[PDB]
Amino acid sequence: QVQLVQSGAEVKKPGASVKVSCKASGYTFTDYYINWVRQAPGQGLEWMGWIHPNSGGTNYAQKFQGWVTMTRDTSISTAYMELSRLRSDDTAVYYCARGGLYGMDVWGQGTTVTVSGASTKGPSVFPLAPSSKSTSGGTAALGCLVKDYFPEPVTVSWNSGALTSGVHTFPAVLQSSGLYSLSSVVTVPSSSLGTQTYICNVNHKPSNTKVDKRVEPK
Amino acid sequence: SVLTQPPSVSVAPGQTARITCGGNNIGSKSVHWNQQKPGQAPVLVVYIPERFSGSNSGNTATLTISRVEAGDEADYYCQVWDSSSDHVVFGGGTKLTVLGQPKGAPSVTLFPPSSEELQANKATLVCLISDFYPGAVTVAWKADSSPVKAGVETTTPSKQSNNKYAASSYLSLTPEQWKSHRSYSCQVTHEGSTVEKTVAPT
């Protein structure tokens, strides 16, 4: 099993630096080149450079010369890459593809680097009450508004994970203020309201915040 | 070296898709093809079924996929090795779309501001759009039949788990703005047809 496992997501500020590691498995780390590739959100693939783990020499594309530094630790079969003085453009997913000593086979799962001036902020959770208009043919639609948080992600469960059917959680909007907002709606039978309790469980680990909002009818 | 690809290609299920990669004497420089599905890392093909075959000659390289499935919807990148610089050069990428999926009209649910948010001197209108194909929507907002564009945040369409698309549009406004108008409306149009939901402070 040949694998490349990279470090977790990183959320940095403009002017900050970041280091991302790439763990190699299932093959001798030192007879295959290690390449790095950057993919901006919605753009194509962009080769950044390579490094050969035997002699540690590097080769950078001109665009990334000066602020990208690639190293490696042959002991733990890990490659590293350091982005310095980050910009909003550098927001992208960064991969660590393996290259032949002619393969260019096997990629890592990628690391997300989000550069932004927004500050870590927990969300304000508001219930989206059912009532009329939310009801359509005996089924009611109750929701939970998860407003003004940074950075991604949040997780929304219902009734501590006991309510899974009819759950539709929507991908978050990135407002112009730099904060995120999403909504999570459930469709329940209109006869269930009054006898059943509905609570949305919003977990936002980056801010160490978890909010259980009871959603009651009007 | 530069690598030029068509930005998008579309094919019916079971048909044959062809993705080209143009370059300076690419026919003698060994071409590799990558496949990237949304949210995942690229996966090398370069020929995973035998429906994928390669053909490099002259100034164009061509990846050919026979009997296309919906599972083949992905982004495809050609890749060559510029021996002038010991660099790896990628193509622009081609979006393969399969034209067999069933069309669908958008389902829209609009929520007024919560009382709790109004007690915080804030107000947000939540428009939730779901179960539409193809994934392209335009959202418009109205305050008593007068168009409104300030405070509008809309997501780009994102594919759901049922292989349809979903979006959401939010209208930010003040409590005195929300209670000053008779009603507000979220209008969603999709392939000419429009669905509208209205909500009022009463």
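Before any of the text, the structure's been laid out above.
The sections below set out a description of the structure shown in this document. (Residues numbered from 1 in each chain as written, not as in the entry; some residues may be left out. Chains lettered and ligands numbered in written order. Heavy atoms only, no water.)

## Some details on the interface of chain A and chain B
In this complex, chain A contributes 44 residues to the contact, which on the side of chain B involves 40 residues. Around 3100 Å² of area is buried between chain A and chain B when both sides are counted, 62% of it from carbon and sulfur atoms. Contact with chain B buries area across many residues of chain A, yet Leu45, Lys133 and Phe170 of chain A alone supply 18% of it, more than any other trio. Applying the counting rule to chain A against chain B returns one salt bridge. Put simply, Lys147 of chain A and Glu117 of chain B hold a salt bridge, and the shortest N to O gap is 3.2 Å. Across the chain A-chain B interface, the total number found is twelve residue pairs in polar contact. Listed by contribution, the elements that provide at least two residues to the side of chain A that touches chain B are β4 (33-39), β5 (46-51), β6 (58-60), β12 (124-128), β13 (139-149), β16 (173-174) and β17 (180-189) of chain A. Here the side of chain A that touches chain B gets five residues from one element, more than from any other, and that element is β13 of chain A. Classifying every residue of the side of chain A that touches chain B by side-chain character gives 25 nonpolar, 15 polar and four charged. (Contact = heavy atoms within 4.5 Å. Buried area = accessible area lost by both parts, 1.4 Å probe. Salt bridge = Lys/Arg side-chain N within 4 Å of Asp/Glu carboxyl O. Polar contact = N/O pair within 3.5 Å; in protein donor to acceptor, adjacent residues only side chain to side chain. Helix = DSSP H or I, 4+ residues; strand = E, 2+ residues; numbered from the N terminus. Nonpolar A, V, L, I, M, F, W, Y, C, P; charged D, E, K, R; others polar.)

## Some points on the environment of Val154 of chain A
Note on placement: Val154 of chain A falls in the loop between β13 and β14 (155-158). Those residues within four positions of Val154 of chain A in sequence are excluded, and the remaining contacts are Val146, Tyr149, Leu182, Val202, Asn203 and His204 of chain A.

## Observations regarding unusual backbone geometry
A cis amide bond, omega -5°, links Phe150 of chain A with the succeeding residue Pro151 of chain A. Locating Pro151 of chain A in the fold gives a position in the loop between β13 and β14. The step from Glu152 of chain A to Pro153 of chain A runs through a cis peptide bond, and the omega angle for that step is -5°. Take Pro153 of chain A: it is sitting in the loop between β13 and β14. Not every positive phi belongs to a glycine, and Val106 of chain A is a case in point at roughly 70°. In this fold, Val106 of chain A is placed in the loop between β10 (98-99) and β11 (111-115). At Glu191 of chain B, a residue that is not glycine, the phi angle is positive and equals roughly 60°. Mapped onto the elements, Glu191 of chain B comes out in the loop between β17 (184-190) and β18 (193-199). Residue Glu191 of chain B is classed as exposed on the basis of its relative accessible area of 59%. (Buried < 20%, exposed > 50% of the residue type's maximum accessible area, 1.4 Å probe, protein only.)

## Examining the sheet that holds strand β2 (residues 17-22) of chain B
Residue and element names in this part refer to chain B. One open sheet holds the three strands; their spatial order is β2-β6-β5, and the pairing between them is antiparallel. Strands at the two margins of the open sheet, each flanked by one partner only, are β2 and β5 (52-57). Between one strand axis and the next, the sheet turns through 15° on average, direction left out of account. Two elements, β2 and strand β6 (residues 60-65), share six bridges in a ladder whose sense is antiparallel. Paired with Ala17 across the two strands is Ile65, which belongs to β6. (Pairing = 2+ DSSP bridges. Axes fitted to C-alpha atoms, helices over the stretch in contact; angles between N-to-C directions.)

## Re the state of the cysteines
Applying the stated criterion across every chain yields a total of four disulfides over all chains. Disulfide pairing is shown between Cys22 of chain A and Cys96 of chain A; the S-S distance is 2.0 Å. Across the disulfide from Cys22 of chain A to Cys96 of chain A, rotation about the S-S bond amounts to roughly 70°, and the bridge is consequently right-handed. Remark: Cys96 of chain A occurs in the loop between β9 (92-95) and β10 and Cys22 of chain A occurs in strand β3 (residues 18-25); sequence separation between them is 74 residues. The same class applies to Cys22 of chain A as to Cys96 of chain A, namely buried. Between the sulfur atoms of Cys21 of chain B and its disulfide mate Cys78 of chain B the distance is 2.0 Å. (Disulfide = S-S within 2.5 Å.)

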